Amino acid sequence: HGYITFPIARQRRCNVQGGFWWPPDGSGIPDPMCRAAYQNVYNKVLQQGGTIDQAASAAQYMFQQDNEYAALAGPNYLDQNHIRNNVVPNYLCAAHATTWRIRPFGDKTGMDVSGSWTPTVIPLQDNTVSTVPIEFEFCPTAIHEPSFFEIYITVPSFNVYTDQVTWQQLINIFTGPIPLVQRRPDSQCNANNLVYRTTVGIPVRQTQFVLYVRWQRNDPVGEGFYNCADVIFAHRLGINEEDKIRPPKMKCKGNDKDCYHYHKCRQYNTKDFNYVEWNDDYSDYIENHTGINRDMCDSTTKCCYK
């Protein structure tokens, strides 16, 4: 049992943020995607003749079990076609938990909805890097050995706003054991003294992407843990350094001066231009001249029935 702590797993972030214990309808959950995830399981149980308590119990079970996003593979856990077709065929972010009446693994299908899932923002040092190394931290709340990990990244055409995570949209970037090490005082994990920690080069994406992490136990039970992690790279602002022409080193003089550890925790207006007023009228232009409901003729054409 466990979950990704860095980058924080989707279901882990929803659990830690809370507000899901009361009210029972999930209206206290501040994140809209964690709220929509809760409310989808809640609403689904109600549709199937469940009571408010059975609906709230199934939705709360999905959030509470953030360390048990699991599926049993049996003794044939190394068979790729067995995992992709029988163990986790779909509902990848839920680890194929689709039965609210049967626990384990209940119904965690709320976690596979598409939309604006909050990501870990990784800033780029330079916008030209091909890969960014990240030190993955997997938090085991229960210690299980022997075990191995598989880390996947979504293909560049995956869209988190509209797409379900599928095996056909995932690229394997890691496979093998991850050594069990001592947590650092820094650790995002607080279950025991140990973590799974490793550097993985993450291929750069110009869009929000998903990192799929499978933690498989090498045993006849074949229990595997599957987690979705939402990530995004922040681009560095300014000119690309390689395009920047530098001035020659000069020394100048004249009576017109205009002619020549810790870190820090409207501006575009000039003496010859008012950006605030211009950008407000330009925002209005965007609204009325883009989309299926844009102004075409009504502000210029008058008609009557003859």
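Residue numbers run from 1 along the displayed sequence.
K.L.:
How many residues sit between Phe273 and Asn274 in the deposited sequence but have no coordinates: none, 1 to 3, 4 to 9, or 10 or more?
P.N.:
According to the record, the chain runs unbroken from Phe273 to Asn274.
K.L.:
What does the record say about the segment between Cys265 and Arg266: how many deposited residues are without coordinates (none, 1 to 3, 4 to 9, 10 or more)?
P.N.:
Per the deposited record, the segment joining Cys265 and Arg266 lacks coordinates for 10 or more residues.
K.L.:
Could you check the entry and say whether 23 to 31 or 37 to 45 has the higher mean CA B-factor?
P.N.:
Looking at the record's C-alpha B-factors, the answer is 23 to 31.
K.L.:
Return whichever of 159 to 167 and 122 to 130 has the greater mean Cα B factor according to the PDB record.
P.N.:
The stretch with the larger average C-alpha B-factor is 122 to 130.
K.L.:
Between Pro146, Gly224, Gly110, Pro179, which one tops the list for C-alpha B-factor in the PDB entry?
P.N.:
Most elevated C-alpha B-factor of the set, per the entry: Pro179.
K.L.:
In this PDB entry, which of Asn192, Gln208, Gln216, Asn90 has the top CA B-factor?
P.N.:
Comparing C-alpha B-factors across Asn192, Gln208, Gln216, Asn90, the top value belongs to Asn192.
K.L.:
Ranking every modelled residue in this chain by its Cα temperature factor as given in the entry, which third contains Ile232?
P.N.:
For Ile232, whose C-alpha B-factor we compare with every modelled residue in the chain, the answer is the lowest third.
K.L.:
Going by what the PDB entry lists, where does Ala142 fall on CA B-factor within its chain: lowest, middle or highest third?
P.N.:
Its C-alpha B-factor, which the entry lists for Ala142, ranks in the middle third among residues of this chain.
K.L.:
Report the third (lowest, middle or highest) to which the CA temperature factor of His289 belongs, ranking only the modelled residues of the same chain.
P.N.:
CA B-factor rank for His289: middle third.
K.L.:
When the modelled residues of the chain are sorted by Cα temperature factor, does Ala70 land in the lowest, middle or highest third?
P.N.:
Answer is lowest: the recorded C-alpha B-factor places it there.
K.L.:
Based on the deposited C-alpha B factors for this chain, I'd like to know if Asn76 is in the lowest, middle or highest third.
P.N.:
Highest third.
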